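Enquirer: Have a look at the structure that comes next, please.
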Amino acid sequence: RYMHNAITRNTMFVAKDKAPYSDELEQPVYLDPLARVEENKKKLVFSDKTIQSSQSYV
Amino acid sequence: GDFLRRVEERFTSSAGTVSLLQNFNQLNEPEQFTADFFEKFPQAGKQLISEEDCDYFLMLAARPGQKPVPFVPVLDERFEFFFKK
Amino acid sequence: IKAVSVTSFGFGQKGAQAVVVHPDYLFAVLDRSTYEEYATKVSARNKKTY
Amino acid sequence: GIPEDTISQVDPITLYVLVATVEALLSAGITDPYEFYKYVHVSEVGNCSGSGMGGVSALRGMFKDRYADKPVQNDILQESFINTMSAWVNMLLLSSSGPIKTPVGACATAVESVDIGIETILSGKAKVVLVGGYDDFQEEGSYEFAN
Amino acid sequence: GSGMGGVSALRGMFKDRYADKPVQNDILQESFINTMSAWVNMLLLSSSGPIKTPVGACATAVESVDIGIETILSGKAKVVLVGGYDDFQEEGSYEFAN
Amino acid sequence: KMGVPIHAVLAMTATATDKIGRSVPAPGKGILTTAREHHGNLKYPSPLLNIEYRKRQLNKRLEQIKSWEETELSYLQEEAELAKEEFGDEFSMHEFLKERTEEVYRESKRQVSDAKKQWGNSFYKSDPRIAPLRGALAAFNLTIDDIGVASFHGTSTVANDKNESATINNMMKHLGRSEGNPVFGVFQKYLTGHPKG
Amino acid sequence: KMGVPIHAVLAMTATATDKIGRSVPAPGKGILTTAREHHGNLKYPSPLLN
Amino acid sequence: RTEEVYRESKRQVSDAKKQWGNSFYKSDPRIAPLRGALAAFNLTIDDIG
Amino acid sequence: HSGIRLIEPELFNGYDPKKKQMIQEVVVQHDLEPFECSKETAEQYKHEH
Amino acid sequence: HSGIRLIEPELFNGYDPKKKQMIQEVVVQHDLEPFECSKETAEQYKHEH
């Protein structure tokens, strides 16, 4: 699906503009080896509930 | 004595101090003099002869006007020059 | 000094970091005989390199 | 779909590396790069690729062009590099923090990069790593290969 | 491996030949970055261990150490030279200035 | 074994890509990730840091390995007459054993060294609770409080000299340096310059 | 675990430096060393291959 | 500490596996690398196509 | 127009292998005609000649 | 003469930062004086001008 859409609309490569983390989260992700992106609004973004969460070590 | 002059010259640093060898006539019994001397220079008992103090040694061993050395120090083109003279 | 950090930064966001712990803490993992036997060979190599 | 800005700025070979990388990830069934971060930490998506002599179009610019004082982009030297390609890759697609390395085996450079990739992954340093090679043909390179 | 080693030869092949100054014929073999370790093995080691060559232009001598470790611990090699090197020349300085 | 001068012990080394941007010259704090770890709840501290726990584990694994090896040496007797009749009518119980016994030795040696590297060298490689920069030293029973110096990149530029300090401070903070135990900054680039490569 | 297409499995990979010389462009057989092994006596074949 | 036990058991599991199937040859001269690489997959040198 | 073919200059900023450009070090023998230029350009010309 | 100092040109083939050399694209306005040259050099001049 993606390839067909792209090769038709010349958007195979979509340049990223903002990182998955936010500037206020760009460090706290770096220190947690378990904080990983969750998805919302059809976007894969880092949150705060994922950083140093108490449930990612069950 | 001229060799010990280089030894002490080596193992000392910015001293301007007195040499333990003031008169070579002290060497008329070296057996004890050197033995006590190497106390003021302990590491000379463990650091190897340096090259600049080795070629100097050879240059002593063939200085003119001196009785030829009673041994052979090296194997070079001057081998007989140390072997026969 | 126990250990030293070495961080260095490059263009295009290729930075890196090294950490150098003192040699002594290595020698303490190994028994006496090996350390003493290694020391002798080191001494020999030292004179040879000198 | 590369934005016209980047096109106007960077060395042609970077275009090639990007258009390769995107459809490489596609060939991996990856739609957007960030999908990796759902299963792996950000510091574990490296890029162990690198050119043989990439940037020749910019090396020309900084050596033989400026000597002529032709109108030249100011910061060309940041593209004359060889890690500057993987730089653009991470800057535009991955935004990751995994191990960047950059081999140069000019002829046999895309295979040694794979060895680096393996010594990387098996070390646990990274769980995903782009690995490949790239290079551009230009005049000054061809003339000297001829001679 | 270097950061951009060979600048003296890159100059030769780009800005010198364009002037057709008398230039060594095979300069391009030195303009490389692995060509240094090449000469090292050719003149000293004559070995066959793993040659690699990082380019981290500024932070390039540390990443080379990471490569050295991922190499050795892999058992790929038991001894590996690892370091960096680079040369200062004109065309490099002018562009750092700009 | 060669007898060379061990000048140092490279414990840790890593690299990193900083973050999505539009300017190559600007650095970032990607290298911080050498120290990220997990801090949700410490009621049960990771027993893997206690050097004696790992010591007794290594011990009990080594006794297991040596018992395994002494068992396999006994196995090798029967294995000879059970696999020499079927390769050659002659019975080289001398050379066949002097081959396969020493192979047993080597395959025991590898397990020995693997247990050792699993419990002392890289016992942390799969754990989030042990940041790399900690476990690296902790191999030597060292604390993060013992990185004495930090040889800074320090290229006398505006952004570098602040970013480097920022990363060092933050990573020494996350690892829990004892407060008031700062690392010293040495800046050879003042004296030697910046050898761009 | 991601569910991606496994196109291949890189089993082996190595590199090598060929031999002392005076000409960079000439290659050599250094890469051969990925296959060197020991062939003294095979009465007891290495049980580790089975 | 129970789940830590799980992880430290998992590492030993994977280490034994990589010691006996992945890289069982890394320390042996009798197994040339290019052979043992395949032999991990129960392959013969006769199969590099 | 794809694959190994003769090099097409429009892909290489006018690099025409038939007319590879070079500059020749040549010493003038008769002073040229005076031409107008800019201020700092004239200054650089003087300083470098 | 050691450590960070002002750049000494004899270490860099006459690179004098005070007199960094550059070439200026300039269009002639009056034909120069005819000068003698070699055969193939003349041919290249003609082919490239």
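Every chain in the structure tokens takes a letter, A first, then B, and so on in the order presented; its residues are numbered from 1, and the ligands are numbered from 1 following the presented order.
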Got a sec: who's within 6 Å of range 10-25 of chain A, counting only C-alpha atoms, leaving out chain neighbours fewer than 6 positions off, as number ranges by chain?
Expert: A: 45-46; D: 1, 22, 92-93, 95; F: 20
Enquirer: Please check the contacts: residues of chain H at most 12 Å away from chain A, using only C-alpha atoms, listed as a ChimeraX atom specification.
Expert: /H:1-4,6-7
Enquirer: Show me, as JSON, numbers by chain, the residues that have an atom within 7 Å of range 23-31 of chain H when counting only C-alpha atoms, minus same-chain residues fewer than 4 positions from it.
Expert: {"E": [75], "G": [37, 38], "H": [18, 19, 35, 36]}
Enquirer: Convert the current residue selection to file output with N, CA and C atoms, as a compact mmCIF listing (two decimals), in the first residue's frame.
Expert:
# COMPACT_ATOMS: atom_id res chain seq x y z
N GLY E 75 37.29 -12.05 18.67
CA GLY E 75 38.28 -13.02 18.27
C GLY E 75 38.77 -12.86 16.86
N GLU G 37 43.32 -23.77 8.12
CA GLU G 37 43.08 -24.59 9.30
C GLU G 37 44.22 -25.57 9.43
N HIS G 38 44.01 -26.61 10.23
CA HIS G 38 45.08 -27.50 10.64
C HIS G 38 44.82 -28.90 10.11
N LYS H 18 24.93 -20.00 21.97
CA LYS H 18 25.90 -19.43 21.05
C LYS H 18 27.25 -20.09 21.18
N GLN H 19 27.51 -20.75 22.30
CA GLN H 19 28.75 -21.47 22.48
C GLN H 19 28.74 -22.81 21.78
N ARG H 35 34.49 -22.76 7.10
CA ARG H 35 33.74 -24.00 7.28
C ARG H 35 32.78 -23.89 8.45
N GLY H 36 33.29 -23.53 9.62
CA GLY H 36 32.46 -23.52 10.81
C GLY H 36 31.29 -22.57 10.68
Enquirer: May I have chain I as a PDB file with N, CA and C atoms, in the first residue's frame, after a least-squares superposition on chain J that uses all C-alpha atoms paired in order?
Expert:
ATOM      1  N   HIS I   1      59.733  27.705  18.203  1.00  0.00           N
ATOM      2  CA  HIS I   1      59.342  27.050  16.968  1.00  0.00           C
ATOM      3  C   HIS I   1      58.676  25.716  17.233  1.00  0.00           C
ATOM      4  N   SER I   2      57.749  25.672  18.179  1.00  0.00           N
ATOM      5  CA  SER I   2      57.105  24.414  18.510  1.00  0.00           C
ATOM      6  C   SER I   2      55.848  24.709  19.298  1.00  0.00           C
ATOM      7  N   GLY I   3      54.773  24.045  18.923  1.00  0.00           N
ATOM      8  CA  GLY I   3      53.490  24.344  19.503  1.00  0.00           C
ATOM      9  C   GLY I   3      52.780  25.419  18.712  1.00  0.00           C
ATOM     10  N   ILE I   4      51.630  25.829  19.236  1.00  0.00           N
ATOM     11  CA  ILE I   4      50.748  26.739  18.520  1.00  0.00           C
ATOM     12  C   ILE I   4      51.526  28.011  18.234  1.00  0.00           C
ATOM     13  N   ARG I   5      51.796  28.278  16.970  1.00  0.00           N
ATOM     14  CA  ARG I   5      52.504  29.486  16.605  1.00  0.00           C
ATOM     15  C   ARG I   5      51.995  29.937  15.256  1.00  0.00           C
ATOM     16  N   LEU I   6      52.478  31.081  14.805  1.00  0.00           N
ATOM     17  CA  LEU I   6      52.044  31.565  13.513  1.00  0.00           C
ATOM     18  C   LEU I   6      52.634  30.665  12.447  1.00  0.00           C
ATOM     19  N   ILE I   7      51.865  30.445  11.385  1.00  0.00           N
ATOM     20  CA  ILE I   7      52.177  29.378  10.448  1.00  0.00           C
ATOM     21  C   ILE I   7      53.403  29.729   9.632  1.00  0.00           C
ATOM     22  N   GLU I   8      54.339  28.833   9.600  1.00  0.00           N
ATOM     23  CA  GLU I   8      55.573  29.141   8.906  1.00  0.00           C
ATOM     24  C   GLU I   8      55.558  28.525   7.524  1.00  0.00           C
ATOM     25  N   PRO I   9      55.623  29.346   6.476  1.00  0.00           N
ATOM     26  CA  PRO I   9      55.330  28.857   5.123  1.00  0.00           C
ATOM     27  C   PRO I   9      56.257  27.770   4.630  1.00  0.00           C
ATOM     28  N   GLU I  10      57.472  27.674   5.148  1.00  0.00           N
ATOM     29  CA  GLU I  10      58.384  26.675   4.624  1.00  0.00           C
ATOM     30  C   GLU I  10      57.992  25.268   5.019  1.00  0.00           C
ATOM     31  N   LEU I  11      57.088  25.118   5.972  1.00  0.00           N
ATOM     32  CA  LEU I  11      56.533  23.811   6.260  1.00  0.00           C
ATOM     33  C   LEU I  11      55.382  23.455   5.341  1.00  0.00           C
ATOM     34  N   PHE I  12      54.903  24.398   4.542  1.00  0.00           N
ATOM     35  CA  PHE I  12      53.728  24.184   3.714  1.00  0.00           C
ATOM     36  C   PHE I  12      53.940  24.716   2.311  1.00  0.00           C
ATOM     37  N   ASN I  13      55.068  24.358   1.702  1.00  0.00           N
ATOM     38  CA  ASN I  13      55.303  24.570   0.277  1.00  0.00           C
ATOM     39  C   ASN I  13      55.004  25.998  -0.148  1.00  0.00           C
ATOM     40  N   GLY I  14      55.306  26.956   0.709  1.00  0.00           N
ATOM     41  CA  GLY I  14      55.084  28.340   0.383  1.00  0.00           C
ATOM     42  C   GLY I  14      53.683  28.830   0.619  1.00  0.00           C
ATOM     43  N   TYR I  15      52.877  28.097   1.372  1.00  0.00           N
ATOM     44  CA  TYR I  15      51.551  28.583   1.721  1.00  0.00           C
ATOM     45  C   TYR I  15      51.722  29.762   2.658  1.00  0.00           C
ATOM     46  N   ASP I  16      51.542  30.965   2.139  1.00  0.00           N
ATOM     47  CA  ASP I  16      51.678  32.159   2.955  1.00  0.00           C
ATOM     48  C   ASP I  16      50.304  32.732   3.244  1.00  0.00           C
ATOM     49  N   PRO I  17      49.750  32.516   4.437  1.00  0.00           N
ATOM     50  CA  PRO I  17      48.396  32.999   4.710  1.00  0.00           C
ATOM     51  C   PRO I  17      48.226  34.465   4.422  1.00  0.00           C
ATOM     52  N   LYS I  18      49.278  35.255   4.561  1.00  0.00           N
ATOM     53  CA  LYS I  18      49.177  36.647   4.180  1.00  0.00           C
ATOM     54  C   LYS I  18      48.965  36.819   2.692  1.00  0.00           C
ATOM     55  N   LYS I  19      49.380  35.857   1.882  1.00  0.00           N
ATOM     56  CA  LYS I  19      49.283  35.978   0.436  1.00  0.00           C
ATOM     57  C   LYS I  19      48.701  34.700  -0.157  1.00  0.00           C
ATOM     58  N   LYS I  20      47.573  34.258   0.388  1.00  0.00           N
ATOM     59  CA  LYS I  20      46.854  33.132  -0.186  1.00  0.00           C
ATOM     60  C   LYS I  20      46.520  33.420  -1.634  1.00  0.00           C
ATOM     61  N   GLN I  21      46.926  32.525  -2.523  1.00  0.00           N
ATOM     62  CA  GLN I  21      46.794  32.765  -3.949  1.00  0.00           C
ATOM     63  C   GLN I  21      45.434  32.314  -4.455  1.00  0.00           C
ATOM     64  N   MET I  22      44.885  33.069  -5.396  1.00  0.00           N
ATOM     65  CA  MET I  22      43.642  32.730  -6.060  1.00  0.00           C
ATOM     66  C   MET I  22      43.718  33.190  -7.505  1.00  0.00           C
ATOM     67  N   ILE I  23      42.923  32.553  -8.354  1.00  0.00           N
ATOM     68  CA  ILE I  23      42.856  32.895  -9.765  1.00  0.00           C
ATOM     69  C   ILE I  23      41.503  33.527 -10.033  1.00  0.00           C
ATOM     70  N   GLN I  24      41.487  34.533 -10.891  1.00  0.00           N
ATOM     71  CA  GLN I  24      40.287  35.308 -11.135  1.00  0.00           C
ATOM     72  C   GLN I  24      39.823  35.095 -12.560  1.00  0.00           C
ATOM     73  N   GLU I  25      38.570  34.699 -12.710  1.00  0.00           N
ATOM     74  CA  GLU I  25      37.966  34.588 -14.026  1.00  0.00           C
ATOM     75  C   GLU I  25      37.834  35.977 -14.628  1.00  0.00           C
ATOM     76  N   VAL I  26      38.544  36.224 -15.720  1.00  0.00           N
ATOM     77  CA  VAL I  26      38.574  37.533 -16.354  1.00  0.00           C
ATOM     78  C   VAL I  26      38.472  37.354 -17.857  1.00  0.00           C
ATOM     79  N   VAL I  27      37.693  38.217 -18.500  1.00  0.00           N
ATOM     80  CA  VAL I  27      37.519  38.169 -19.947  1.00  0.00           C
ATOM     81  C   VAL I  27      38.435  39.199 -20.588  1.00  0.00           C
ATOM     82  N   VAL I  28      39.235  38.760 -21.555  1.00  0.00           N
ATOM     83  CA  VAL I  28      40.128  39.672 -22.251  1.00  0.00           C
ATOM     84  C   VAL I  28      39.307  40.661 -23.058  1.00  0.00           C
ATOM     85  N   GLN I  29      39.856  41.854 -23.263  1.00  0.00           N
ATOM     86  CA  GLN I  29      39.230  42.833 -24.130  1.00  0.00           C
ATOM     87  C   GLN I  29      40.078  43.215 -25.324  1.00  0.00           C
ATOM     88  N   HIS I  30      41.372  42.927 -25.299  1.00  0.00           N
ATOM     89  CA  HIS I  30      42.223  43.163 -26.452  1.00  0.00           C
ATOM     90  C   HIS I  30      43.162  41.990 -26.637  1.00  0.00           C
ATOM     91  N   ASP I  31      43.221  41.488 -27.865  1.00  0.00           N
ATOM     92  CA  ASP I  31      44.022  40.315 -28.172  1.00  0.00           C
ATOM     93  C   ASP I  31      45.468  40.501 -27.732  1.00  0.00           C
ATOM     94  N   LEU I  32      46.023  39.462 -27.124  1.00  0.00           N
ATOM     95  CA  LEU I  32      47.345  39.567 -26.539  1.00  0.00           C
ATOM     96  C   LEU I  32      48.419  39.528 -27.614  1.00  0.00           C
ATOM     97  N   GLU I  33      49.596  39.627 -27.186  1.00  0.00           N
ATOM     98  CA  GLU I  33      50.658  39.485 -28.159  1.00  0.00           C
ATOM     99  C   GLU I  33      50.893  38.010 -28.464  1.00  0.00           C
ATOM    100  N   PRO I  34      51.082  37.664 -29.731  1.00  0.00           N
ATOM    101  CA  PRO I  34      51.279  36.258 -30.080  1.00  0.00           C
ATOM    102  C   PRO I  34      52.561  35.729 -29.475  1.00  0.00           C
ATOM    103  N   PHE I  35      52.445  34.610 -28.779  1.00  0.00           N
ATOM    104  CA  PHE I  35      53.592  33.970 -28.166  1.00  0.00           C
ATOM    105  C   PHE I  35      53.769  32.572 -28.732  1.00  0.00           C
ATOM    106  N   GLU I  36      55.016  32.127 -28.762  1.00  0.00           N
ATOM    107  CA  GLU I  36      55.358  30.812 -29.271  1.00  0.00           C
ATOM    108  C   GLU I  36      55.064  29.758 -28.217  1.00  0.00           C
ATOM    109  N   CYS I  37      54.683  28.568 -28.668  1.00  0.00           N
ATOM    110  CA  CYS I  37      54.427  27.452 -27.769  1.00  0.00           C
ATOM    111  C   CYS I  37      54.709  26.157 -28.514  1.00  0.00           C
ATOM    112  N   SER I  38      54.333  25.041 -27.907  1.00  0.00           N
ATOM    113  CA  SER I  38      54.613  23.738 -28.484  1.00  0.00           C
ATOM    114  C   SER I  38      53.490  23.331 -29.432  1.00  0.00           C
ATOM    115  N   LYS I  39      53.681  22.209 -30.119  1.00  0.00           N
ATOM    116  CA  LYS I  39      52.719  21.776 -31.122  1.00  0.00           C
ATOM    117  C   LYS I  39      51.407  21.358 -30.477  1.00  0.00           C
ATOM    118  N   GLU I  40      51.441  20.306 -29.669  1.00  0.00           N
ATOM    119  CA  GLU I  40      50.209  19.810 -29.084  1.00  0.00           C
ATOM    120  C   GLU I  40      49.637  20.796 -28.087  1.00  0.00           C
ATOM    121  N   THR I  41      50.482  21.606 -27.458  1.00  0.00           N
ATOM    122  CA  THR I  41      49.948  22.657 -26.608  1.00  0.00           C
ATOM    123  C   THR I  41      49.128  23.635 -27.425  1.00  0.00           C
ATOM    124  N   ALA I  42      49.645  24.045 -28.580  1.00  0.00           N
ATOM    125  CA  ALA I  42      48.866  24.910 -29.449  1.00  0.00           C
ATOM    126  C   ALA I  42      47.580  24.233 -29.872  1.00  0.00           C
ATOM    127  N   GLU I  43      47.649  22.941 -30.175  1.00  0.00           N
ATOM    128  CA  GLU I  43      46.445  22.236 -30.576  1.00  0.00           C
ATOM    129  C   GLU I  43      45.416  22.241 -29.461  1.00  0.00           C
ATOM    130  N   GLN I  44      45.853  21.998 -28.230  1.00  0.00           N
ATOM    131  CA  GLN I  44      44.928  21.997 -27.112  1.00  0.00           C
ATOM    132  C   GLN I  44      44.364  23.379 -26.875  1.00  0.00           C
ATOM    133  N   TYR I  45      45.198  24.407 -26.992  1.00  0.00           N
ATOM    134  CA  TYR I  45      44.704  25.767 -26.870  1.00  0.00           C
ATOM    135  C   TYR I  45      43.596  26.026 -27.869  1.00  0.00           C
ATOM    136  N   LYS I  46      43.823  25.661 -29.125  1.00  0.00           N
ATOM    137  CA  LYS I  46      42.798  25.874 -30.128  1.00  0.00           C
ATOM    138  C   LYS I  46      41.543  25.089 -29.814  1.00  0.00           C
ATOM    139  N   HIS I  47      41.688  23.815 -29.471  1.00  0.00           N
ATOM    140  CA  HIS I  47      40.520  22.983 -29.233  1.00  0.00           C
ATOM    141  C   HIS I  47      39.729  23.458 -28.027  1.00  0.00           C
ATOM    142  N   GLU I  48      40.394  24.066 -27.052  1.00  0.00           N
ATOM    143  CA  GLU I  48      39.732  24.483 -25.831  1.00  0.00           C
ATOM    144  C   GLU I  48      39.383  25.959 -25.813  1.00  0.00           C
ATOM    145  N   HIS I  49      39.732  26.707 -26.855  1.00  0.00           N
ATOM    146  CA  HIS I  49      39.300  28.087 -26.962  1.00  0.00           C
ATOM    147  C   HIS I  49      38.440  28.368 -28.176  1.00  0.00           C
TER     148      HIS I  49
END
Enquirer: Please identify which residues in range 18-193 of chain F DSSP calls helix (DSSP H, G or I) from the backbone, and express them as a ChimeraX atom specification.
Expert: /F:30-34,47-49,51-83,95-121,132-138,144-146,158-174,189-192
Enquirer: Using only C-alpha atoms, find the residues of chain D whose closest atom to chain J is at most 9 Å away, then write them as a ChimeraX atom specification.
Expert: /D:66-70
Enquirer: In chain C, what's strand (DSSP E or B) per DSSP? Answer as a ChimeraX atom specification?
Expert: /C:3-8,15-21
Enquirer: Write the selection just made, keeping N, CA, C and O atoms, as an mmCIF file, in the first residue's frame?
Expert:
data_model
loop_
_atom_site.group_PDB
_atom_site.id
_atom_site.type_symbol
_atom_site.label_atom_id
_atom_site.label_comp_id
_atom_site.auth_asym_id
_atom_site.auth_seq_id
_atom_site.Cartn_x
_atom_site.Cartn_y
_atom_site.Cartn_z
ATOM 1 N N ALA C 3 40.480 5.899 37.192
ATOM 2 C CA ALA C 3 40.065 5.769 35.807
ATOM 3 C C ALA C 3 39.791 7.139 35.224
ATOM 4 O O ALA C 3 39.473 8.082 35.946
ATOM 5 N N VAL C 4 39.887 7.229 33.907
ATOM 6 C CA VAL C 4 39.812 8.490 33.193
ATOM 7 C C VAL C 4 38.817 8.355 32.057
ATOM 8 O O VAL C 4 38.788 7.335 31.368
ATOM 9 N N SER C 5 37.999 9.376 31.866
ATOM 10 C CA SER C 5 37.068 9.410 30.752
ATOM 11 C C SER C 5 37.673 10.177 29.591
ATOM 12 O O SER C 5 38.500 11.065 29.787
ATOM 13 N N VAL C 6 37.267 9.826 28.379
ATOM 14 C CA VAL C 6 37.734 10.493 27.171
ATOM 15 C C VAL C 6 36.543 10.610 26.236
ATOM 16 O O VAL C 6 36.186 9.641 25.559
ATOM 17 N N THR C 7 35.942 11.788 26.169
ATOM 18 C CA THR C 7 34.825 12.034 25.272
ATOM 19 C C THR C 7 35.284 12.964 24.166
ATOM 20 O O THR C 7 36.012 13.924 24.421
ATOM 21 N N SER C 8 34.860 12.678 22.944
ATOM 22 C CA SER C 8 35.256 13.477 21.798
ATOM 23 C C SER C 8 34.096 13.546 20.828
ATOM 24 O O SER C 8 33.421 12.542 20.597
ATOM 25 N N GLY C 15 29.692 11.336 17.973
ATOM 26 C CA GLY C 15 30.494 11.507 19.161
ATOM 27 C C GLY C 15 30.833 10.162 19.769
ATOM 28 O O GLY C 15 30.257 9.144 19.404
ATOM 29 N N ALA C 16 31.774 10.161 20.707
ATOM 30 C CA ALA C 16 32.237 8.902 21.268
ATOM 31 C C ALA C 16 32.883 9.149 22.617
ATOM 32 O O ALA C 16 33.249 10.274 22.952
ATOM 33 N N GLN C 17 33.044 8.069 23.374
ATOM 34 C CA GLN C 17 33.534 8.173 24.739
ATOM 35 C C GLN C 17 34.294 6.914 25.107
ATOM 36 O O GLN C 17 33.776 5.809 24.944
ATOM 37 N N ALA C 18 35.502 7.081 25.621
ATOM 38 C CA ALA C 18 36.297 5.973 26.115
ATOM 39 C C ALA C 18 36.558 6.143 27.602
ATOM 40 O O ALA C 18 36.495 7.244 28.145
ATOM 41 N N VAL C 19 36.840 5.032 28.262
ATOM 42 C CA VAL C 19 37.108 5.027 29.690
ATOM 43 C C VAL C 19 38.283 4.107 29.943
ATOM 44 O O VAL C 19 38.277 2.952 29.512
ATOM 45 N N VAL C 20 39.280 4.615 30.646
ATOM 46 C CA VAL C 20 40.574 3.976 30.770
ATOM 47 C C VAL C 20 40.795 3.707 32.244
ATOM 48 O O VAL C 20 41.102 4.627 33.001
ATOM 49 N N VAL C 21 40.654 2.481 32.661
ATOM 50 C CA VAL C 21 40.867 2.170 34.065
ATOM 51 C C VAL C 21 42.340 1.859 34.295
ATOM 52 O O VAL C 21 43.056 1.447 33.385
#
Enquirer: Can you pull out the residues contacting residue 49 in chain D? Cut-off 6 Å, using only C-alpha atoms, and skip same-chain residues under 5 positions away; I want them as a list in words.
Expert: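 Contacts, in chain order: residues 102, 113, 131, 132 and 133 of chain D.
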Enquirer: Go ahead and save the picked residues with N, CA and C atoms, as a PDB file, in the first residue's frame.
Expert:
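Output (part_22.pdb):
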ATOM      1  N   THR D 102      32.184   4.511  10.352  1.00  0.00           N
ATOM      2  CA  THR D 102      32.252   4.816   8.931  1.00  0.00           C
ATOM      3  C   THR D 102      33.507   4.227   8.311  1.00  0.00           C
ATOM      4  N   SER D 113      32.259  -2.884   5.677  1.00  0.00           N
ATOM      5  CA  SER D 113      31.194  -2.282   6.456  1.00  0.00           C
ATOM      6  C   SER D 113      30.286  -3.340   7.043  1.00  0.00           C
ATOM      7  N   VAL D 131      23.902  -0.638   6.940  1.00  0.00           N
ATOM      8  CA  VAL D 131      25.245  -0.946   6.486  1.00  0.00           C
ATOM      9  C   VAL D 131      25.263  -0.981   4.979  1.00  0.00           C
ATOM     10  N   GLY D 132      26.167  -0.225   4.381  1.00  0.00           N
ATOM     11  CA  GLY D 132      26.278  -0.253   2.942  1.00  0.00           C
ATOM     12  C   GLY D 132      27.413   0.635   2.506  1.00  0.00           C
ATOM     13  N   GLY D 133      27.465   0.873   1.205  1.00  0.00           N
ATOM     14  CA  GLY D 133      28.500   1.712   0.636  1.00  0.00           C
ATOM     15  C   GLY D 133      27.893   2.639  -0.381  1.00  0.00           C
TER      16      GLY D 133
END
Enquirer: Compile the contact shell of range 73-79 of chain B as a short mmCIF file (atom, residue, chain, number, x, y, z; two decimals) with N, CA, C and O atoms, in the first residue's frame: residues with an atom at most 10 Å away, counting only C-alpha atoms, same-chain residues fewer than 4 positions apart removed.
Expert:
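The resulting file, result.cif, is shown below:
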data_model
loop_
_atom_site.label_atom_id
_atom_site.label_comp_id
_atom_site.auth_asym_id
_atom_site.auth_seq_id
_atom_site.Cartn_x
_atom_site.Cartn_y
_atom_site.Cartn_z
N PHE B 57 83.06 4.13 25.59
CA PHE B 57 83.92 3.11 26.16
C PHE B 57 84.90 2.59 25.14
O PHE B 57 86.11 2.51 25.40
N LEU B 58 84.41 2.24 23.95
CA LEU B 58 85.31 1.79 22.91
C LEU B 58 86.33 2.86 22.55
O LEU B 58 87.52 2.55 22.44
N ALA B 61 88.97 2.62 24.79
CA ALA B 61 89.76 1.41 24.67
C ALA B 61 90.81 1.50 23.57
O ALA B 61 91.73 0.68 23.54
N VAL B 69 94.31 -2.45 25.25
CA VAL B 69 93.39 -3.09 26.19
C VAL B 69 93.68 -4.58 26.31
O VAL B 69 93.94 -5.24 25.31
N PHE B 83 93.10 -7.53 18.77
CA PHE B 83 93.41 -8.93 19.03
C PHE B 83 94.90 -9.19 19.13
O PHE B 83 95.34 -10.02 19.93
N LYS B 84 95.69 -8.52 18.30
CA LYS B 84 97.11 -8.81 18.19
C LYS B 84 98.00 -7.81 18.89
O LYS B 84 99.05 -8.20 19.41
#
Enquirer: As an exercise, work out the distance from CA of residue 116 in chain F to CA of residue 21 in chain H in Å and give it to one decimal place.
Expert: 19.3 Å
Enquirer: With a distance threshold of 9 Å and counting only C-alpha atoms, extract the residues of chain F near chain J and express them as a list in words.
Expert: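 Taking only C-alpha atoms into account, residues 190, 191, 192 and 193 of chain F sit within 9 Å of chain J.
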Enquirer: Quick one: residues within 12 Å of range 40-45 of chain G, only C-alpha atoms, excluding same-chain residues fewer than 5 positions away - as a list in words?
Expert: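 Non-adjacent residues within range: residues 76, 79, 80, 83, 84, 86, 87, 88, 89, 90, 91, 92, 93, 94, 95, 96, 97, 98, 99, 100, 101, 102 and 103 of chain F; 50 of chain G; 29, 30 and 31 of chain H.
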Enquirer: Which distance in Å separates CA of residue 14 in chain D and CA of residue 85 in chain D, to one decimal?
Expert: 5.6 Å
Enquirer: Chain D residues within 8 Å of chain C, counting only C-alpha atoms: which ones, as a PyMOL selection string?
Expert: chain D and resi 78+83-84+86-88+100-101
Enquirer: Residue 32 in chain E: which residues within 9 Å, counting only C-alpha atoms, same-chain residues fewer than 5 positions away excluded, as a count of residues only?
Expert: 9
Enquirer: Separation of CA of residue 37 in chain E and CA of residue 45 in chain D, in Å?
Expert: 28.8 Å
Enquirer: Identify every residue of chain F that has at least one atom within 7 Å of any atom of chain E, counting only C-alpha atoms, and report the result as an NGL selection string.
Expert: :F and (13-15 or 195-197)
Enquirer: Select residues of chain G: the criterion is any atom within 8 Å of an atom of chain D, counting only C-alpha atoms; output as a PyMOL selection string.
Expert: chain G and resi 2+4-5+13-15
